[PDB]
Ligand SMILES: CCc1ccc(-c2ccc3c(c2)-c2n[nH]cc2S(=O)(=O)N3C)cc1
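Next up: just one chain, as structure tokens, the form deposited without this ligand.
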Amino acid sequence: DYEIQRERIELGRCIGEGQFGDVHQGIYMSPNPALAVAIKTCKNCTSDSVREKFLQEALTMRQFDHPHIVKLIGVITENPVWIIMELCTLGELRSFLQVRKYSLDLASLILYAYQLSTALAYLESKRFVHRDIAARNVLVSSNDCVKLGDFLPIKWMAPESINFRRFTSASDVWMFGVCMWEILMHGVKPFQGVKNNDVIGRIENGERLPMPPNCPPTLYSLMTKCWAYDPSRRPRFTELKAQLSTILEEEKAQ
């Protein structure tokens, strides 16, 4: 159904490293003659136990269809086993933001947050809990378009996830707060120089990540709402989407 004949794929250069092996860009020739694609490879998929786990990412991704979630294009299930995805040409978000620290305007940063919130409101409506929302798992398709990729990170995790391994859409909202902070910090990691074991203590003392330089206070406020200790007091993703739209439109008007 989405099994792709290997001769329709031209493997190109290695563009990254994955859990199971190198990621390449490539070209997919279909009945579009030259579609740019990402190809996830798997070093040890000659073993079926590894193959089953590798190909699970594809099965998971197949269930989603959203403009801000990376699309599965297809798979090749014989050795070498590949997963074919749309290429996000500008690569990982953190690296992208770091090199454009002084060249992306604030409206673009807010747009990325908004776009991610639309993907996450979609996932919440599908009753899908992500568990790992972080800038490391976001890819850049174009200067005006980011997409959620992936499918313990203590410094991103909600207190209930840390303490009791509770994961819900409300814990995803906490993580998304941290991801928004990362974006407005131009790809700096949260709690740099702080030991993982000490994170929950700071949180429990009422401390939170600080307002990023040049971040609109309305937007930092929204981040802080994501970091309510009580998950029931956090906004739902649809509310974040609504508020981010307003913040975005206000910034576009500057």
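Only residues modelled in both forms are compared. Just so we're on the same page, rigid core means the largest C-alpha set that superposes within 1.5 Å between forms. Counting begins at 1, following the sequence as shown.
Below, we refer to the form solved in complex with this ligand, which is not included among the displayed structures.
For this ligand, fitted onto this chain by superposing the C-alphas round its site in the deposited bound form, the count of atoms within 2.4 Å of backbone or C-beta atoms is 3 or more, giving a blocked pocket. The stretch from 132-140, 74-82, 158-166, 103-111 that comes within 4.5 Å of this ligand in the deposited bound form, counting heavy atoms only, is 132-140. Contact annotation for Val199: none of its heavy atoms lies within 4.5 Å of this ligand in the deposited bound form. This ligand in the deposited bound form comes within 4.5 Å of no heavy atom belonging to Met211. In the deposited bound form, at least one heavy atom of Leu120 sits within 4.5 Å of this ligand. Taking the partner from elsewhere, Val146 is found to have every heavy atom lying beyond 4.5 Å of this ligand in the deposited bound form. Of the listed positions (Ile203, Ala228, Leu35, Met61), a single one reaches within 4.5 angstroms of this ligand by any non-hydrogen atom in the deposited bound form, namely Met61. Residues of 168-201 placing a heavy atom within 4.5 Å of this ligand in the deposited bound form, in sequence order: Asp172, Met175, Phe176, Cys179.
With the rigid core aligned between this form and the one not shown, the listed residues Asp132, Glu160, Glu86, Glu92 include just one Cα displaced by at least 2 Å, namely that of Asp132. When the rigid core is held fixed, the Cα atom of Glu17 travels 2 angstroms or more between this form and the one not shown. In summary, the C-alpha positions of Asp132 and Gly201 diverge in the deposited bound form, ending up at least 3 angstroms farther from each other than in this conformation. Between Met85 and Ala135, the Cα spacing is smaller in the deposited bound form than in the shown form, differing by no less than 3 Å.
Segments of at least three consecutive residues in which every Cα is displaced by 2 Å or more between this form and the one not shown, once the core is aligned, are found at 17-21, 130-136.
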